[PDB]
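Below is entry-v9.json, holding JSON, C-alpha atoms and all ligand atoms.
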```
[["chain", "number", "residue", "atom", "x", "y", "z"],
["A", 12, "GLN", "CA", 450.65, 4.12, -137.62],
["A", 13, "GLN", "CA", 453.23, 6.32, -135.86],
["A", 14, "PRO", "CA", 456.79, 6.07, -137.18],
["A", 15, "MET", "CA", 458.82, 7.29, -134.17],
["A", 16, "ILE", "CA", 460.00, 10.71, -135.32],
["A", 17, "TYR", "CA", 463.40, 12.11, -134.27],
["A", 18, "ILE", "CA", 464.94, 15.53, -134.58],
["A", 19, "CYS", "CA", 468.35, 15.89, -135.97],
["A", 20, "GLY", "CA", 471.15, 17.53, -134.13],
["A", 21, "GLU", "CA", 472.82, 19.77, -136.63],
["A", 22, "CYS", "CA", 469.81, 19.91, -139.03],
["A", 23, "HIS", "CA", 466.72, 20.28, -136.82],
["A", 24, "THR", "CA", 464.67, 18.33, -139.33],
["A", 25, "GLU", "CA", 462.28, 15.64, -138.25],
["A", 26, "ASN", "CA", 463.24, 12.23, -139.52],
["A", 27, "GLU", "CA", 461.26, 9.01, -139.46],
["A", 28, "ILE", "CA", 463.16, 6.16, -137.96],
["A", 29, "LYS", "CA", 461.56, 2.79, -137.71],
["A", 30, "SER", "CA", 463.36, -0.09, -136.14],
["A", 31, "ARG", "CA", 466.34, -1.72, -137.80],
["A", 32, "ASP", "CA", 467.33, 1.60, -139.31],
["A", 33, "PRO", "CA", 470.59, 3.52, -139.22],
["A", 34, "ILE", "CA", 470.26, 6.60, -137.11],
["A", 35, "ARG", "CA", 471.25, 9.19, -139.65],
["A", 36, "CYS", "CA", 469.59, 12.34, -140.77],
["A", 37, "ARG", "CA", 467.70, 12.28, -144.03],
["A", 38, "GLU", "CA", 469.88, 15.19, -144.96],
["A", 39, "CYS", "CA", 473.37, 16.47, -144.22],
["A", 40, "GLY", "CA", 474.23, 13.30, -142.48],
["A", 41, "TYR", "CA", 474.25, 13.42, -138.70],
["A", 42, "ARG", "CA", 474.65, 10.62, -136.26],
["A", 43, "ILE", "CA", 473.36, 12.37, -133.13],
["A", 44, "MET", "CA", 469.70, 13.04, -132.93],
["A", 45, "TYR", "CA", 467.09, 13.57, -130.29],
["A", 46, "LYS", "CA", 463.52, 12.73, -129.57],
["A", 47, "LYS", "CA", 460.43, 14.82, -129.61],
["A", 48, "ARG", "CA", 458.42, 15.90, -126.59],
["A", 49, "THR", "CA", 455.72, 13.65, -125.32],
["A", 50, "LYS", "CA", 452.07, 13.93, -126.19],
["A", 51, "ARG", "CA", 450.85, 13.18, -122.72],
["A", 52, "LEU", "CA", 449.38, 15.70, -120.35],
["A", 53, "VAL", "CA", 451.95, 17.99, -118.77],
["A", 54, "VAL", "CA", 450.35, 19.92, -115.92],
["A", 55, "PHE", "CA", 452.35, 21.85, -113.36],
["A", 56, "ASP", "CA", 451.51, 23.67, -110.25],
["A", 57, "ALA", "CA", 452.84, 27.12, -110.53],
["A", 58, "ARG", "CA", 454.39, 26.55, -107.22],
["B", 762, "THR", "CA", 450.05, 9.99, -142.31],
["B", 763, "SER", "CA", 449.65, 9.22, -146.00],
["B", 764, "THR", "CA", 447.95, 12.13, -147.80],
["B", 765, "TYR", "CA", 447.00, 14.94, -145.43],
["B", 766, "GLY", "CA", 445.73, 17.45, -147.96],
["B", 767, "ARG", "CA", 442.41, 18.72, -146.56],
["B", 771, "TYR", "CA", 441.48, 21.46, -151.90],
["B", 772, "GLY", "CA", 445.14, 21.27, -151.07],
["B", 773, "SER", "CA", 447.84, 23.92, -151.13],
["B", 774, "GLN", "CA", 446.86, 25.92, -154.20],
["B", 775, "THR", "CA", 447.99, 23.63, -157.02],
["B", 776, "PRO", "CA", 449.87, 25.70, -159.62],
["B", 777, "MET", "CA", 448.78, 25.35, -163.26],
["B", 778, "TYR", "CA", 450.94, 24.67, -166.30],
["B", 779, "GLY", "CA", 449.27, 27.24, -168.56],
["B", 780, "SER", "CA", 449.70, 29.83, -165.82],
["B", 781, "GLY", "CA", 453.46, 30.24, -166.32],
["C", 1, "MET", "CA", 469.61, 33.32, -115.15],
["C", 2, "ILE", "CA", 466.73, 35.59, -115.66],
["C", 3, "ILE", "CA", 465.66, 38.38, -113.38],
["C", 4, "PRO", "CA", 463.52, 37.01, -110.57],
["C", 5, "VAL", "CA", 459.95, 38.08, -110.57],
["C", 6, "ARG", "CA", 459.89, 39.17, -106.96],
["C", 7, "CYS", "CA", 462.40, 40.20, -104.37],
["C", 8, "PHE", "CA", 463.02, 37.15, -102.29],
["C", 9, "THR", "CA", 462.83, 38.97, -98.97],
["C", 10, "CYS", "CA", 460.17, 41.58, -99.50],
["C", 11, "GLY", "CA", 457.72, 40.47, -102.13],
["C", 12, "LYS", "CA", 458.06, 43.40, -104.38],
["C", 13, "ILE", "CA", 457.94, 42.95, -108.11],
["C", 14, "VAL", "CA", 461.36, 43.45, -109.60],
["C", 15, "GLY", "CA", 460.73, 41.50, -112.77],
["C", 16, "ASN", "CA", 459.86, 44.53, -114.82],
["C", 17, "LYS", "CA", 462.91, 46.52, -113.92],
["C", 18, "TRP", "CA", 465.81, 44.82, -115.52],
["C", 19, "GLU", "CA", 465.38, 46.40, -118.89],
["C", 20, "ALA", "CA", 464.59, 49.79, -117.45],
["C", 21, "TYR", "CA", 467.61, 49.60, -115.21],
["C", 22, "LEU", "CA", 469.97, 48.58, -117.93],
["C", 23, "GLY", "CA", 468.59, 51.40, -119.99],
["C", 24, "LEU", "CA", 469.21, 53.96, -117.31],
["C", 25, "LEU", "CA", 472.72, 52.81, -116.82],
["C", 26, "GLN", "CA", 473.20, 53.11, -120.54],
["C", 27, "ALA", "CA", 471.97, 56.63, -120.37],
["C", 28, "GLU", "CA", 474.28, 58.06, -117.78],
["C", 29, "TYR", "CA", 472.80, 57.42, -114.36],
["C", 30, "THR", "CA", 475.10, 56.11, -111.75],
["C", 31, "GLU", "CA", 474.16, 52.77, -110.45],
["C", 32, "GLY", "CA", 472.80, 54.00, -107.16],
["C", 33, "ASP", "CA", 470.80, 56.72, -108.80],
["C", 34, "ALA", "CA", 469.31, 54.31, -111.21],
["C", 35, "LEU", "CA", 468.03, 52.08, -108.45],
["C", 36, "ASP", "CA", 465.93, 54.71, -106.82],
["C", 37, "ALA", "CA", 464.77, 56.30, -109.98],
["C", 38, "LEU", "CA", 463.12, 52.92, -110.43],
["C", 39, "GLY", "CA", 461.66, 53.11, -107.01],
["C", 40, "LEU", "CA", 463.62, 50.53, -105.09],
["C", 41, "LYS", "CA", 464.21, 51.71, -101.58],
["C", 42, "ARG", "CA", 464.83, 48.79, -99.31],
["C", 43, "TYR", "CA", 468.20, 47.35, -99.64],
["C", 44, "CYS", "CA", 466.56, 43.98, -99.81],
["C", 45, "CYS", "CA", 465.08, 44.90, -103.18],
["C", 46, "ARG", "CA", 468.14, 46.70, -104.35],
["C", 47, "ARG", "CA", 470.38, 43.70, -104.29],
["C", 48, "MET", "CA", 468.09, 41.89, -106.66],
["C", 49, "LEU", "CA", 469.02, 44.26, -109.38],
["C", 50, "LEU", "CA", 472.61, 44.94, -108.47],
["C", 51, "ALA", "CA", 473.65, 41.37, -107.93],
["C", 52, "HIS", "CA", 471.66, 39.91, -110.81],
["C", 53, "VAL", "CA", 473.80, 38.29, -113.47],
["C", 54, "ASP", "CA", 471.94, 37.68, -116.73],
["C", 55, "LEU", "CA", 472.83, 34.31, -118.11],
["C", 56, "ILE", "CA", 469.90, 33.86, -120.42],
["C", 57, "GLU", "CA", 471.64, 36.17, -122.80],
["C", 58, "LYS", "CA", 474.43, 33.64, -123.08],
["C", 59, "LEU", "CA", 472.10, 30.70, -123.23],
["C", 60, "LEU", "CA", 470.34, 32.31, -126.13],
["C", 61, "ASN", "CA", 473.52, 32.09, -128.17],
["C", 62, "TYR", "CA", 473.15, 28.35, -128.58],
["C", 63, "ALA", "CA", 470.48, 28.45, -131.22],
["C", 64, "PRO", "CA", 468.56, 25.26, -131.73],
["C", 65, "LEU", "CA", 467.71, 26.31, -135.35],
["C", 66, "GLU", "CA", 469.15, 29.30, -137.25],
["D", 355, "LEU", "CA", 435.21, 3.71, -163.59],
["D", 356, "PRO", "CA", 437.04, 6.82, -162.34],
["D", 357, "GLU", "CA", 436.97, 5.43, -158.79],
["D", 358, "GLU", "CA", 439.25, 2.44, -159.34],
["D", 359, "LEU", "CA", 441.43, 4.78, -161.38],
["D", 360, "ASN", "CA", 442.05, 6.94, -158.32],
["D", 361, "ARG", "CA", 443.77, 4.13, -156.43],
["D", 362, "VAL", "CA", 446.68, 4.44, -158.84],
["D", 363, "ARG", "CA", 446.10, 8.20, -158.98],
["D", 364, "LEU", "CA", 449.30, 9.78, -157.70],
["D", 365, "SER", "CA", 448.60, 12.76, -155.46],
["D", 366, "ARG", "CA", 451.00, 15.57, -154.61],
["D", 367, "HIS", "CA", 451.81, 14.49, -151.05],
["D", 368, "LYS", "CA", 453.26, 11.14, -152.16],
["D", 369, "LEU", "CA", 455.87, 12.34, -154.66],
["D", 370, "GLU", "CA", 457.70, 14.30, -151.99],
["D", 371, "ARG", "CA", 458.58, 11.10, -150.15],
["D", 372, "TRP", "CA", 460.04, 9.52, -153.26],
["D", 373, "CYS", "CA", 461.99, 12.41, -154.77],
["D", 374, "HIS", "CA", 465.17, 10.45, -154.09],
["D", 375, "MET", "CA", 464.04, 6.88, -153.65],
["D", 376, "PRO", "CA", 465.41, 4.76, -156.51],
["D", 377, "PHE", "CA", 463.43, 2.19, -158.52],
["D", 378, "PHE", "CA", 461.48, 5.30, -159.41],
["D", 379, "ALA", "CA", 461.11, 4.45, -163.08],
["D", 380, "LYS", "CA", 459.55, 1.15, -161.99],
["D", 381, "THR", "CA", 456.84, 2.14, -159.49],
["D", 382, "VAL", "CA", 455.41, 5.35, -160.97],
["D", 383, "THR", "CA", 455.44, 4.22, -164.61],
["D", 384, "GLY", "CA", 451.94, 2.87, -165.16],
["D", 385, "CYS", "CA", 449.96, 5.07, -162.81],
["D", 386, "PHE", "CA", 447.94, 8.16, -163.67],
["D", 387, "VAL", "CA", 448.38, 11.64, -162.25],
["D", 388, "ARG", "CA", 446.05, 14.62, -162.22],
["D", 389, "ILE", "CA", 448.29, 17.20, -163.88],
["D", 390, "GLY", "CA", 447.27, 20.81, -164.41],
["D", 391, "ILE", "CA", 446.81, 22.65, -167.70],
["D", 392, "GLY", "CA", 444.71, 25.69, -166.85],
["D", 397, "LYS", "CA", 441.00, 27.36, -166.33],
["D", 398, "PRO", "CA", 440.06, 24.62, -163.80],
["D", 399, "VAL", "CA", 440.20, 22.06, -166.62],
["D", 400, "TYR", "CA", 442.41, 19.00, -166.20],
["D", 401, "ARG", "CA", 443.49, 16.06, -168.32],
["D", 402, "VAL", "CA", 444.58, 12.58, -167.32],
["D", 403, "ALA", "CA", 448.13, 12.22, -168.60],
["D", 404, "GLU", "CA", 450.25, 9.08, -168.65],
["D", 405, "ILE", "CA", 453.40, 8.71, -166.57],
["D", 406, "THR", "CA", 455.66, 7.48, -169.35],
["D", 407, "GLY", "CA", 459.29, 8.13, -168.42],
["D", 408, "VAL", "CA", 461.37, 9.89, -165.78],
["D", 409, "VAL", "CA", 462.91, 13.07, -167.11],
["D", 410, "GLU", "CA", 464.80, 15.90, -165.42],
["D", 411, "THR", "CA", 464.44, 19.62, -165.91],
["D", 412, "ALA", "CA", 467.23, 22.17, -165.67],
["D", 413, "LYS", "CA", 464.77, 24.18, -163.54],
["D", 414, "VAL", "CA", 465.05, 23.51, -159.81],
["D", 415, "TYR", "CA", 461.84, 24.49, -158.11],
["D", 416, "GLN", "CA", 460.78, 24.20, -154.49],
["D", 417, "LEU", "CA", 457.64, 22.27, -153.58],
["D", 418, "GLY", "CA", 456.79, 23.52, -150.13],
["D", 419, "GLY", "CA", 459.85, 22.62, -148.10],
["D", 420, "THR", "CA", 461.37, 20.24, -150.60],
["D", 421, "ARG", "CA", 462.80, 21.16, -153.99],
["D", 422, "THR", "CA", 463.00, 19.05, -157.13],
["D", 423, "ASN", "CA", 464.22, 19.92, -160.62],
["D", 424, "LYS", "CA", 463.08, 16.69, -162.28],
["D", 425, "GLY", "CA", 460.44, 16.29, -164.96],
["D", 426, "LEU", "CA", 457.73, 13.80, -165.89],
["D", 427, "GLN", "CA", 457.14, 12.37, -169.32],
["D", 428, "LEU", "CA", 453.37, 12.72, -169.40],
["D", 429, "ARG", "CA", 451.09, 12.35, -172.42],
["D", 430, "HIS", "CA", 447.33, 12.75, -172.91],
["D", 431, "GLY", "CA", 446.76, 10.20, -175.65],
["D", 432, "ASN", "CA", 448.82, 11.97, -178.29],
["D", 433, "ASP", "CA", 449.68, 15.40, -176.85],
["D", 434, "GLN", "CA", 452.89, 14.64, -174.94],
["D", 435, "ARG", "CA", 455.32, 17.14, -173.46],
["D", 436, "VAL", "CA", 457.54, 17.71, -170.45],
["D", 437, "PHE", "CA", 456.07, 18.32, -167.00],
["D", 438, "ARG", "CA", 457.21, 19.44, -163.55],
["D", 439, "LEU", "CA", 456.13, 18.09, -160.17],
["D", 440, "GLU", "CA", 454.27, 21.19, -158.95],
["D", 441, "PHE", "CA", 451.34, 21.30, -161.38],
["D", 442, "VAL", "CA", 449.92, 17.95, -160.26],
["D", 443, "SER", "CA", 446.59, 18.07, -158.45],
["D", 444, "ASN", "CA", 445.60, 16.28, -155.27],
["D", 445, "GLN", "CA", 442.15, 16.09, -156.81],
["D", 446, "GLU", "CA", 440.84, 12.67, -157.65],
["D", 447, "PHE", "CA", 439.72, 11.49, -161.05],
["D", 448, "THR", "CA", 436.40, 13.14, -161.82],
["D", 449, "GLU", "CA", 433.82, 11.86, -164.25],
["D", 450, "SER", "CA", 434.31, 14.45, -166.98],
["D", 451, "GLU", "CA", 438.08, 14.03, -166.88],
["D", 452, "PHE", "CA", 437.80, 10.24, -166.77],
["D", 453, "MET", "CA", 435.59, 10.22, -169.86],
["D", 454, "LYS", "CA", 437.85, 12.84, -171.44],
["D", 455, "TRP", "CA", 440.83, 10.60, -170.91],
["D", 456, "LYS", "CA", 438.79, 7.66, -172.19],
["D", 457, "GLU", "CA", 438.05, 9.62, -175.36],
["D", 458, "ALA", "CA", 441.67, 10.69, -175.70],
["D", 459, "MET", "CA", 442.71, 7.03, -175.48],
["D", 460, "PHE", "CA", 439.98, 5.76, -177.82],
["D", 461, "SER", "CA", 440.92, 8.67, -180.09],
["D", 462, "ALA", "CA", 444.63, 7.81, -180.04],
["D", 463, "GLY", "CA", 444.45, 4.06, -180.63],
["D", 464, "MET", "CA", 445.97, 3.24, -177.23],
["D", 465, "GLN", "CA", 444.44, 0.25, -175.46],
["D", 466, "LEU", "CA", 442.83, 0.97, -172.12],
["D", 467, "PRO", "CA", 444.95, -0.79, -169.48],
["D", 468, "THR", "CA", 443.04, -3.74, -168.15],
["D", 469, "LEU", "CA", 441.67, -3.43, -164.63],
["D", 470, "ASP", "CA", 443.78, -6.36, -163.43],
["D", 471, "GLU", "CA", 446.85, -4.36, -164.40],
["D", 472, "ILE", "CA", 445.69, -1.50, -162.20],
["D", 473, "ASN", "CA", 445.03, -3.94, -159.37],
["D", 474, "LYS", "CA", 448.53, -5.38, -159.71],
["D", 475, "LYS", "CA", 449.97, -1.86, -160.01],
["D", 476, "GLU", "CA", 448.34, -0.25, -156.99],
["D", 477, "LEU", "CA", 450.06, -2.68, -154.60],
["D", 478, "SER", "CA", 453.51, -1.69, -155.85],
["D", 479, "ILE", "CA", 452.97, 1.64, -154.11],
["D", 480, "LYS", "CA", 452.08, 0.13, -150.73],
["D", 481, "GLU", "CA", 455.03, -2.24, -150.88],
["D", 482, "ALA", "CA", 457.31, 0.65, -151.83],
["D", 483, "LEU", "CA", 456.02, 2.61, -148.83],
["D", 484, "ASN", "CA", 456.68, -0.07, -146.19],
["D", 485, "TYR", "CA", 460.10, -0.73, -147.71],
["D", 486, "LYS", "CA", 462.93, -1.16, -145.20],
["D", 487, "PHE", "CA", 465.87, 1.00, -146.29],
["D", 488, "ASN", "CA", 468.63, -1.33, -145.15],
["D", 489, "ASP", "CA", 470.87, -0.90, -148.21],
["D", 490, "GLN", "CA", 472.90, 2.09, -149.32],
["D", 491, "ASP", "CA", 469.98, 4.35, -150.20],
["D", 492, "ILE", "CA", 470.37, 6.75, -147.28],
["D", 493, "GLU", "CA", 473.78, 7.74, -148.61],
["D", 494, "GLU", "CA", 472.76, 8.51, -152.18],
["D", 495, "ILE", "CA", 469.68, 10.21, -150.72],
["D", 496, "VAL", "CA", 471.76, 12.67, -148.73],
["D", 497, "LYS", "CA", 474.04, 13.20, -151.73],
["E", 801, "ZN", "ZN", 472.75, 11.93, -141.46],
["E", 802, "ZN", "ZN", 462.47, 43.49, -101.23]]
```
Turn this file's structure into structure tokens for me.
Ligand SMILES: [Zn+2]
Ligand SMILES: [Zn+2]
Amino acid sequence: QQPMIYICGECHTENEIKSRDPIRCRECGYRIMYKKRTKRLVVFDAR
Amino acid sequence: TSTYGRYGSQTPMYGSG
Amino acid sequence: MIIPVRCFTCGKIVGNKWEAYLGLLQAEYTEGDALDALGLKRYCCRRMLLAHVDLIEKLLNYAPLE
Amino acid sequence: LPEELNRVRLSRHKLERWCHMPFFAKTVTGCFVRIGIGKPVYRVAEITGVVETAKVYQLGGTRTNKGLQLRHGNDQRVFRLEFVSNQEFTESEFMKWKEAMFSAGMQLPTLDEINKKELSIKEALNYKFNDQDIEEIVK
């Protein structure tokens, strides 16, 4: 039940975008907006 | 993600103000 | 971008000396007398701190939020 | 039963999503909220109309200056959106509301009405915002 959350550009507020939506921020109005980091396992070798 | 209260966040009263 | 942890050539830890070295230069020490007050003798280790250019101070100007 | 009554019980975490969604006077009007009076006593008031206060108050991150026309049987007054409780309908408050409704002359809303009212919320949640609601929302 995960709604594909984005982060605005100029606002830095998480929005919920499902498909068939306009990409706009729920506030201030911004057409550029980015995605959140993954939830998978990030493991590096300090190398 | 519908009501994640877990109670709550200290509900303010009406007769408290 | 940010001070390397070690001197590339030698192995010596120079990561803890960038703030101390900018503070000594702010005080009055000349730049060659600051580098040995910190304890950097080999000229391999001394170019880490002379040549370092600190870009992370400019990259921190681009705030994500506030 | 105070258990079926909790399905249409509006908690605090659900109003924040619909502070600016329209049709508001059509989904919330008919449900019951757990409003606060104050010391831990509560009364089941009736969401009657959608009013607005001249007091803008912040609810966590969000802020909302609107009011709620609530009424416990006969005692009706204005209400703000911060004093509502996430607590479900207890037994003493359910019987207290039952006695305030039997005491007022108001008919108890038939259970089929609650069953047809609780689905309005779930359809309003999965609603695709394809029309010009984003724009008025940002405004
Ligand atoms: Zn926008
Ligand atoms: Zn060295």
- request: Quick one: pull the distance between atom CA of residue D:495 and atom CA of residue D:475, Å, one decimal.
  value: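 Calculated distance between atom CA of residue D:495 and atom CA of residue D:475 is 24.9 Å.
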message: One number please: atom CA of residue D:473 to atom CA of residue D:355, in Å, one decimal.
response: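 Distance between the two atoms: 13.1 Å.
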message: Could you tell me how far atom CA of residue D:414 sits from atom CA of residue D:398, in Å to one decimal place?
response: 25.3 Å
- request: List the residues sitting within 10 Å of (450.3, 13.2, -173.5) in the file's frame, using all atoms listed in the file, as an NGL selection string.
  value: :D and (401-406 or 427-436 or 458-459)
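Inspection of the environment of ligand ZN 801 (chain E), which uses only C-alpha atoms and all ligand atoms and a cut-off of 7 Å, identifies the neighbouring residues as residues 35, 36, 37, 38, 39, 40, 41 and 42 of chain A.
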